[PDB]
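Below you will find one chain, with nothing else, as structure tokens; this is the form solved without this ligand, and questions on how it binds or moves follow later.
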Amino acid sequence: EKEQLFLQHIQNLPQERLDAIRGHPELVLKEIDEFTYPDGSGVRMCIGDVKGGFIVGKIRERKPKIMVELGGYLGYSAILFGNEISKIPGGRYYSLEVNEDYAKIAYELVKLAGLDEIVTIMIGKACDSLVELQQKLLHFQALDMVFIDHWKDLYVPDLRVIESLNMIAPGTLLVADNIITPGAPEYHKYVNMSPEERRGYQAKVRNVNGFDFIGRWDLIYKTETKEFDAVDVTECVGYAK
């Protein structure tokens, strides 16, 4: 709706502006950042300068070959992080977006930014796309980096899907947005739980995504909260006894 207005804006840009920004990720991000709706508001879910720079720093430091985003909206994150992923040989970025309308817009922006061969947008429920992605990757076991910024109540349910799919291993980094506002106490709690506390959590809390996505309790997590507005930075550092 409101999102279609932004797409229309991009599509009705002068040929000279499209030519100037095509294939240039930072320039495309700037067009998204500078757009204003009739009511004066901006495009939602643009990643801020400092936080973006923080997550980019992590990508540059750890050089994930496979980065997955739970969420995606209109392509901002996929363009910012996918651009860094494009610097890494073999790098792929997967954006798992449930709203099909949004994903169609993010696709156009990702394409305009020149990131189409690197960035795949998977449409549908995150847990379904994770199952599909794992199976596709099998035909290497774990994800290198996961960016989590969709609906707060699916943070733990989807993480448990990833764990159950064995896509978390030592070296895997989880970066979860909006921990404080509004934000996501349950996820913050889960990744700070010991392996035994999570053993019991999993037996007690049914996963809404499906019963057999129980999770994996024997993963050792080390979590740090960065404030700017806060993100949880969780590294899998080992397996429990």
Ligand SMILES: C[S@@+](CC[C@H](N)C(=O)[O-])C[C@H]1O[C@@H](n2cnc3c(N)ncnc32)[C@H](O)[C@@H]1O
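Residues that one form lacks are left out of the comparison. Heads up: residue numbers just count along the shown sequence, starting at 1. For clarity, a rigid core is taken as the largest C-alpha set superposing within 1.5 Å between two forms.
There is also a form deposited with this ligand bound; it is not shown, and the following applies to it.
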Exercise. Please run the contact check for residue 46 against this ligand in the entry with it bound: heavy atoms, 4.5 angstroms, yes or no?
Key: yes
Quiz item: Looking at the partner-bound form in the entry with it bound, is residue 77 within 4.5 Å of this ligand by any heavy atom?
Solution: yes
Quiz item: Does any heavy atom of residue 104 come within 4.5 Å of a heavy atom of this ligand in the entry with it bound?
Solution: no
Practice problem: Would you please decide whether residue 154 lies within 4.5 angstroms of this ligand in the entry with it bound, comparing each non-hydrogen atom pair? | Solution: yes
Exercise. Just give me the single entry in 159, 112, 145, 96 that has a non-hydrogen atom within 4.5 angstroms of this ligand in the entry with it bound.
Key: 96
Quiz item: Just one of 121, 126, 85, 168 has a heavy atom within 4.5 Å of this ligand in the entry with it bound. Which one?
Solution: 126
Quiz item: Among 179 to 187, 34 to 42, 65 to 73, 200 to 208, which stretch has residues whose heavy atoms lie within 4.5 Å of this ligand in the entry with it bound?
Solution: 65 to 73
Quiz item: Any idea which of 66, 214, 193, 47 has its C-alpha shifted 2 Å or more between the shown form and the other one with the rigid core fixed?
Solution: 47
Exercise. Can you list the runs, three or more residues long, in which each C-alpha shifts by 2 Å or more between the shown form and the other one once everything is superposed on the core?
Key: 46 to 48
